[PDB]
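Only one structure is covered here, and it is reproduced in the block below.
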Amino acid sequence: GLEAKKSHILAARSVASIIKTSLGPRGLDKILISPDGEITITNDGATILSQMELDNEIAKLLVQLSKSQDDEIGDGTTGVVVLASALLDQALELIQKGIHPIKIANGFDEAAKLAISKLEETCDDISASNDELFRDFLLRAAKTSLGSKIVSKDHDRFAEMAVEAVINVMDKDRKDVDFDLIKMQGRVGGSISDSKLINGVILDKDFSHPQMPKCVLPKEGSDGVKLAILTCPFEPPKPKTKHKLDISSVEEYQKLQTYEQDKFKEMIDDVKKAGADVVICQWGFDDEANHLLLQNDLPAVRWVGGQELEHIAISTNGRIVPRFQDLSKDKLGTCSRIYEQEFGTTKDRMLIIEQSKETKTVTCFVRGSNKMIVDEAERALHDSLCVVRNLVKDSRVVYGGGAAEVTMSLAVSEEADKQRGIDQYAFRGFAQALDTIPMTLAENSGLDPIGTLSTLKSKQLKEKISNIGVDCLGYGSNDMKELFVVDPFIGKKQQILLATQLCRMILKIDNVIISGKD
Amino acid sequence: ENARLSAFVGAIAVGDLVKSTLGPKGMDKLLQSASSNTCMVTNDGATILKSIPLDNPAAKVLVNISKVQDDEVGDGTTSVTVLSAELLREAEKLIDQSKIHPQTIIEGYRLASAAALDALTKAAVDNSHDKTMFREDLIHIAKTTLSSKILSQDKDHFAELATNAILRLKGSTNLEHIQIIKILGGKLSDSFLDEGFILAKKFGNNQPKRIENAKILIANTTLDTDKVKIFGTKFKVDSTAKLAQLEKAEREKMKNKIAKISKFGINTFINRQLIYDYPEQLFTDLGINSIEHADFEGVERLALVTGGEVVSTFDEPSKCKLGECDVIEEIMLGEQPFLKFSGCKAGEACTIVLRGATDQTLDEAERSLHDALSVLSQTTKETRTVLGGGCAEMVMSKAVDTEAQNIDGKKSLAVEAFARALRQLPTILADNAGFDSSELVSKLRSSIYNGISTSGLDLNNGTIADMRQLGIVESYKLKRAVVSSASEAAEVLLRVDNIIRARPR
Amino acid sequence: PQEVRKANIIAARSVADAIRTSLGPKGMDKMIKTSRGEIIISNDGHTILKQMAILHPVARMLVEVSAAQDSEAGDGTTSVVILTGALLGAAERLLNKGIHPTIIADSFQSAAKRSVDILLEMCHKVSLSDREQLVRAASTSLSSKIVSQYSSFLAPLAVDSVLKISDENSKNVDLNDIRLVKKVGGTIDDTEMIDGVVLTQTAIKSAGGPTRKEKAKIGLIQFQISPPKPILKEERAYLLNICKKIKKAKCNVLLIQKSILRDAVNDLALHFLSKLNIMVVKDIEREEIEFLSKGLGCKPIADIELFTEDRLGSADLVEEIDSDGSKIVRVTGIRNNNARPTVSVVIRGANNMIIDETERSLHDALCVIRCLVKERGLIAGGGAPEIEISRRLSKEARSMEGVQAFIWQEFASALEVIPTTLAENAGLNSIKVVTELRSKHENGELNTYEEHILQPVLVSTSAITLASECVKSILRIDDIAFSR
């Protein structure tokens, strides 16, 4: 009730002030050192906030909220934290004036709902303008985030990879994309020009013994290519009690020989009836185990993790056979083919498994000459896939980059005089808090934040109502509408809702209780 | 502020360690250990930096940057660290006097680095003189690479095609200027050399086979069969025919973009996807040609040889960078349709057509050709030198002063300070050699300021003398390698606003 | 340089916030204990800042601002300190954004000139020819004083005195010509204008003094009647030529300046002046030397040779009014065409505490009436002019450009401190009362009129002008050095 409200504002402001300079494409990077000794440098605020280990109870809400923001949007990492700090700074002045904290929390909710209806009138349509203009937004979606990196030279190649990947994994009914249906895999070595868009799981394999061919035979015009995965511990006859198997002398050579191999001869007949071309297991295989399957042209795969088996069954429509007796050919998956394609000069000799049909999952293939380039390309592609989902789910979009915050500011400030009572000042403080983002982008762009903010407000009133934002990166001129720079409306709408939800949870906690360390 | 001070004062203190070791007359440094009996003395700059343990997290970044120069080339490693340290001395004076994000200053270094590379090109010389002796050695080395390769059947025919594919380039040696066309059902001895850009899968049916003064434009759009996946979208219609009407209304808006294509003054349009008959029929009246199956690789290789650019959108009409080709010939060979582009303005390129008997012989011949051309083209940037002795170092200094004429208000000090760092090289060399840096550099800049200056740094007489008479030259590849490495090294430290202290071990 | 300015702003903000609690009659009074043991209690901001002995150099500027506040407008000495501290509190975040104080200082002067025209458009135009609003202005201003029923009797006395000396283009009128002579005895009901002049003391009470003379001349004489001071007939001979030279100019009124050096009039000279009926008034204060030289149009005369007839005034009738413990001498018909007639009113009362507070109460009443002389019209107080300005600056702030656009937003926020303090000192909720005033602003504008609470426009105008230059001069000093 006394020093708690003052300390929570200064504590949350000092933590949020770290990423204020990294907002935007011109935002400066940071050097993060992992406890294992690896140095990481990235502009994403999600990595910076996740690596923070601290006992401050106020800053813990930023880490828990940022985990859900990556799956829903992914671009609300730095933007929401900076916007949440603006609502706390405006609320600090109201505490000294005698304003109740819950009235400040309830005042931001009513002010946010009124600002959403204002942008609904000024938003523009994508599909109604043209069909091909929508695809042009997908090609330039990843260009903005990758424009500050060397990848910006080859960006035209990575633009077409996200167009076909989202359509397959997302249906127009629910218009949702699952994170578990996107396999992000990358390795060190090679270049970024060899990245290809694969419709199915990669599943790197050396084909065991080299005599096995690099391609799968159609098996007399059979339908697709059938695979068999086995998670069973396929292994010698280990009992539950005795074990203790040893060869006494040469006299036991022919005694134990014919007694063993005659077993598997029964189970191999059930596999040929189903037509499974390849066998996949979780653990390794023996040397002589794959030799008898070589004459039948039945390759085997070993050393496969448990998580990698998810993308194999979904993409290829395969399953894991419990028993070979009742196994039929109805539910066995069929793909186009399985071949081995060497990638660059790497001696690993990876392979490509295609489909040619629409699947429920995709696998992202990213390469690079440096370990940092690969990691920076994987995280930038994740945010690019979420923007495509927001454009399909909501056709109406608005122009961001400083143009949306100024429009929302003038709409709430104008309606503040029409709404009397205590909420009159709650709307004024909320409108001034929205001005922090365009001023932050102006400061991050190396320009006068106040001199630029006064310009954006003058062009949207005396001239005409339009969207003009602050340019962090050097461009030709203003009026981003001419450059066809679009931002998702539902993506920006999710940010302002989580910002008000985060600001309330901070003000609703007036007490800090923590034990000691022993 | 300590985040930048650790990357400036901390880096300069470490940078000044190997700064005095630049050159054969430079200083030396001892590396002492705890037991002191394991120590050693050396002049290597990269060894001193890596051996000394440093708890500064900003100093560890410079170590990883210096490893790139050793793996890529491996020459002038110390000069990269010394030049990168001088860039921090000028950048520190620009920040403290500004306190604005350095990313704007970084943009000034990119514009200044372009003028430095262009100034070294005009004054660059080469050992390529008497090409008759170099051409005889080029064909002999190529025959050695052909060993163990299926191309070893005839060495004379294959090495002759590679000889005219190098010396006739007169430009970049990248493989993007060499097109590889491979077909089946042919002999390797029938291979020929062509300077045109060759496609396959000829475009159009009623389109003419001869095009005069053709223009090239790069764009990405789908004019045929839109709305790939219609499943999942709620369809409320009174009749079935209204479903196809919506697709026609979306393609109707493309008429404005098609009308802008004819306003560009181009007779040919290139698209990756297909085109419906209605927008394709309008291309005949407007004289527009539709090229298909451009893929991606072939798009980039065509825009570079023709002087064009690639863009997937239209920013504004009558503004773009376009190429041209005089004559396009459409022929057919090997039971496959072929395309031929010729008559490009300043076109420099070549195409080697290899005829194999199977798919296995084609992949082995293409990979063996790139390895053979990479070794032969390596000598183009090798042995080529430029005039040294501080001359070329000062030429880059006066070239930046030209950019200082037309410059922005806040970008002037960023560009002007870059020229001061270029003049720090003769200052360091004069101090390590035992001379007066203020006396030599002052008289060196006044002479090279305007015109007719062959003078350079002479360490034997302790004065400014002509380096062309003494025969003091330095490699041109070393010039670009150090400048490009030091420019990227300074960006890594400036783009980081806050540096967290590393975990002490 | 900010270490010098920020240290002065924080030091001045603590002083302004301390005086802020003293605003209004219900405000919190501040106590100051001098090193000598004297303790004063009052809500006057000019008295607190004068006896506080502030060692901060910039904070001492508020004393000069409060002095000019009472000398020009006559009210708002506490409010001008609050407005000064309000701009300093909002200037803390201005320096953090990298704003140079020149734009901050130039915007305060430009906003002060535009704020005057906004108040004039909302103010009601009145004229001095109507005595209806002039009497009610001084009557309601005395509701803060012990006098209640007698306040209506002194209302027309202050109105008729100002309207005669106001004229039209005279604009500012010197307040030094108004002297209120207080004396124990009498009552408030007995008042005399006496436009000629009024002295501060009585006349000779000895035997032989006429104490009354008709058609006499009044003049300033610094001489003194004393015996020779480097036998009875020798001293009378020296005093004979003194009274003979005065008879040459026919001066029947002798005003001797009060001095502790020597005496005033010898007893032997009283018998000489009794035959000629020459009235003498001694114990003339040093402050009255300049006062008598203005309205009477006379000149101070140091020596006996400097005494001439041309420097003597004119008095129709000089008499001593008989009253209990008073004995006030009045002069009427000075007959001075060039100089305007002075206004001096005698204040009488039984208790000493009456004539004291009554003199101070009439000073504030004459200033409010004088505010209408320079600029006509009045604006009701209670936070009405402070909120009305912020209503017009809301849409005007969007029409600006650059750094100055943000200053107009913070300038209207600093003006809300004055109505907020008025609501706190009354016990009511600060924000709750301010929101109710802005809610009805869509219909009502100036509406307090039924409560007979009125304020002149010059107080609200001078409070903004003086506070604008004050804060402007604060940011001009970036360093403090010792110079002796």
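FYI, nothing fancy with the structure tokens labels: chains A, B, ... in order, residues from 1 per chain, ligands from 1 as they appear.
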
Exercise answer, chain B residues close to chain C, 12 Å and only C-alpha atoms, as JSON, numbers by chain: {"B": [98, 99, 100]}

Just the helix (DSSP H, G or I) stuff from region 210-338 of chain A, please, per backbone DSSP, written as a PyMOL selection string. chain A and resi 250-252+258-261+264-274+288-290+292-295+308-315

Smallest atom-to-atom distance to chain A: which of B:499, B:241, B:489, B:386, using only C-alpha atoms? B:499

So that I can check the surroundings of residue 311 (chain C), please list as a VMD selection string every protein, DNA and RNA residue that reaches within 8 Å of it, counting only C-alpha atoms and ignoring chain neighbours fewer than 5 positions away. chain C and resid 219 298 to 299

Output the selection as a PDB file, in the first residue's frame - N, CA, C and O atoms for each residue.
ATOM      1  N   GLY C 219       3.622  73.995   2.912  1.00  0.00           N
ATOM      2  CA  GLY C 219       4.858  73.691   2.216  1.00  0.00           C
ATOM      3  C   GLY C 219       5.781  72.868   3.085  1.00  0.00           C
ATOM      4  O   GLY C 219       5.671  72.860   4.315  1.00  0.00           O
ATOM      5  N   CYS C 298       4.365  70.740  -3.817  1.00  0.00           N
ATOM      6  CA  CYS C 298       5.377  71.557  -3.171  1.00  0.00           C
ATOM      7  C   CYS C 298       6.757  70.923  -3.347  1.00  0.00           C
ATOM      8  O   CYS C 298       6.923  69.897  -4.010  1.00  0.00           O
ATOM      9  N   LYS C 299       7.761  71.554  -2.737  1.00  0.00           N
ATOM     10  CA  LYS C 299       9.142  71.115  -2.828  1.00  0.00           C
ATOM     11  C   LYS C 299       9.767  71.161  -1.440  1.00  0.00           C
ATOM     12  O   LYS C 299       9.492  72.093  -0.669  1.00  0.00           O
TER      13      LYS C 299
END

Per-residue nearest contacts of chain A to chain B (8 Å; only C-alpha atoms) as JSON lines:
{"residue": "A:21", "atom": "CA", "partner": "B:497", "partner_atom": "CA", "distance": 7.8}
{"residue": "A:26", "atom": "CA", "partner": "B:103", "partner_atom": "CA", "distance": 6.8}
{"residue": "A:28", "atom": "CA", "partner": "B:495", "partner_atom": "CA", "distance": 4.9}
{"residue": "A:29", "atom": "CA", "partner": "B:496", "partner_atom": "CA", "distance": 4.5}
{"residue": "A:30", "atom": "CA", "partner": "B:496", "partner_atom": "CA", "distance": 4.7}
{"residue": "A:31", "atom": "CA", "partner": "B:499", "partner_atom": "CA", "distance": 5.3}
{"residue": "A:32", "atom": "CA", "partner": "B:500", "partner_atom": "CA", "distance": 6.5}
{"residue": "A:33", "atom": "CA", "partner": "B:502", "partner_atom": "CA", "distance": 6.0}
{"residue": "A:35", "atom": "CA", "partner": "B:503", "partner_atom": "CA", "distance": 7.0}
{"residue": "A:37", "atom": "CA", "partner": "B:503", "partner_atom": "CA", "distance": 7.6}
{"residue": "A:128", "atom": "CA", "partner": "B:250", "partner_atom": "CA", "distance": 7.8}
{"residue": "A:129", "atom": "CA", "partner": "B:253", "partner_atom": "CA", "distance": 7.5}
{"residue": "A:130", "atom": "CA", "partner": "B:250", "partner_atom": "CA", "distance": 5.2}
{"residue": "A:131", "atom": "CA", "partner": "B:250", "partner_atom": "CA", "distance": 5.5}
{"residue": "A:132", "atom": "CA", "partner": "B:221", "partner_atom": "CA", "distance": 6.3}
{"residue": "A:136", "atom": "CA", "partner": "B:313", "partner_atom": "CA", "distance": 6.7}
{"residue": "A:139", "atom": "CA", "partner": "B:312", "partner_atom": "CA", "distance": 7.8}
{"residue": "A:157", "atom": "CA", "partner": "B:296", "partner_atom": "CA", "distance": 7.4}
{"residue": "A:167", "atom": "CA", "partner": "B:229", "partner_atom": "CA", "distance": 7.3}
{"residue": "A:171", "atom": "CA", "partner": "B:232", "partner_atom": "CA", "distance": 5.8}
{"residue": "A:172", "atom": "CA", "partner": "B:232", "partner_atom": "CA", "distance": 4.1}
{"residue": "A:173", "atom": "CA", "partner": "B:232", "partner_atom": "CA", "distance": 4.1}
{"residue": "A:174", "atom": "CA", "partner": "B:232", "partner_atom": "CA", "distance": 7.8}
{"residue": "A:444", "atom": "CA", "partner": "B:101", "partner_atom": "CA", "distance": 7.2}
{"residue": "A:445", "atom": "CA", "partner": "B:101", "partner_atom": "CA", "distance": 7.9}
{"residue": "A:446", "atom": "CA", "partner": "B:100", "partner_atom": "CA", "distance": 6.2}
{"residue": "A:482", "atom": "CA", "partner": "B:315", "partner_atom": "CA", "distance": 7.2}
{"residue": "A:483", "atom": "CA", "partner": "B:315", "partner_atom": "CA", "distance": 6.1}
{"residue": "A:484", "atom": "CA", "partner": "B:315", "partner_atom": "CA", "distance": 8.0}

Give as a PyMOL selection string every residue of chain C that touches chain A within 8 Å, counting only C-alpha atoms. chain C and resi 398-403+405-406+430-432+435-436+438-439
